[PDB]
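A quick write-up on the structure given underneath.
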Amino acid sequence: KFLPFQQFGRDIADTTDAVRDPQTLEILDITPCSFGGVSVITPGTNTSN
Amino acid sequence: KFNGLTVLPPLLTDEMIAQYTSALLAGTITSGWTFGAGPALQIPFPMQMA
Ligand SMILES: *[C@@H]1O[C@H](CO)[C@@H](O)[C@H](O)[C@H]1NC(C)=O
């Protein structure tokens, strides 16, 4: 819930909401979509594959 | 959750650490100091305190 005058929103870097069209507005959250690294388990190349 | 930063959960979770501490307490109460230097040797606690 944002006071009905602001347009952008952020707490550290960016979490902006509200559609910036003068015709209409709609609160849309901003967040990544589960980025991450990948790790591989291997008992050893000279014992299995 | 920010961009580019992630936190790795600890390998040894809370329950296992609690179990380790409980095992240490049980050993030091029911066996004195003999469990840290070989097999656990039972001994009554008043005798261990003396
Ligand atoms: C894997 O095991 C074999 C058989 O003991 C050995 O000859 C080899 O040096 C080991 N290491 C690799 C990288 O193959």
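We name chains A, B, ... following the order of the structure tokens; residues begin at 1 in each chain, and ligands are numbered from 1 as shown.
For region 2-17 of chain A, the list of residues within 10 Å, based on only C-alpha atoms and with local chain neighbours fewer than 3 positions off taken out, reads residues 20, 25, 26, 27, 28, 29, 30 and 31 of chain A; 2 and 3 of chain B.
What chain B places within 12 Å of chain A, counting only C-alpha atoms, is residues 1, 2, 3, 4, 5, 6, 7 and 8 of chain B.
Residues in contact with ligand 1 (atom pairs separated by at most 9 Å; only C-alpha atoms and all ligand atoms) are residues 44, 45, 46 and 47 of chain A.
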Mind dumping the selected residues with N, CA, C and O atoms as a short mmCIF file (atom, residue, chain, number, x, y, z; two decimals), in the first residue's frame?
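Below is the file result-v2.cif, written as the result:
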data_model
loop_
_atom_site.label_atom_id
_atom_site.label_comp_id
_atom_site.auth_asym_id
_atom_site.auth_seq_id
_atom_site.Cartn_x
_atom_site.Cartn_y
_atom_site.Cartn_z
N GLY A 44 34.24 -39.58 -8.50
CA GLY A 44 35.58 -39.68 -9.06
C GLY A 44 35.56 -40.14 -10.50
O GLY A 44 34.78 -41.02 -10.87
N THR A 45 36.42 -39.55 -11.34
CA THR A 45 36.41 -39.90 -12.76
C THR A 45 36.97 -41.29 -13.00
O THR A 45 36.59 -41.94 -13.98
N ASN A 46 37.85 -41.77 -12.13
CA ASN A 46 38.46 -43.08 -12.30
C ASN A 46 37.77 -44.16 -11.48
O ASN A 46 38.37 -45.21 -11.21
N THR A 47 36.52 -43.94 -11.08
CA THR A 47 35.70 -44.97 -10.46
C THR A 47 34.30 -45.08 -11.05
O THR A 47 33.68 -46.14 -10.89
#
All residues 12 Å or closer to region 31-38 of chain B, only C-alpha atoms, same chain fewer than 6 positions away omitted, as a PyMOL selection string: chain B and resi 23-25+44-50
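The coordinates place CA of residue 30 (chain B) at 5.8 Å from CA of residue 42 (chain B).
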CA of residue 12 (chain B) sits from CA of residue 43 (chain A) at a separation of 20.9 Å
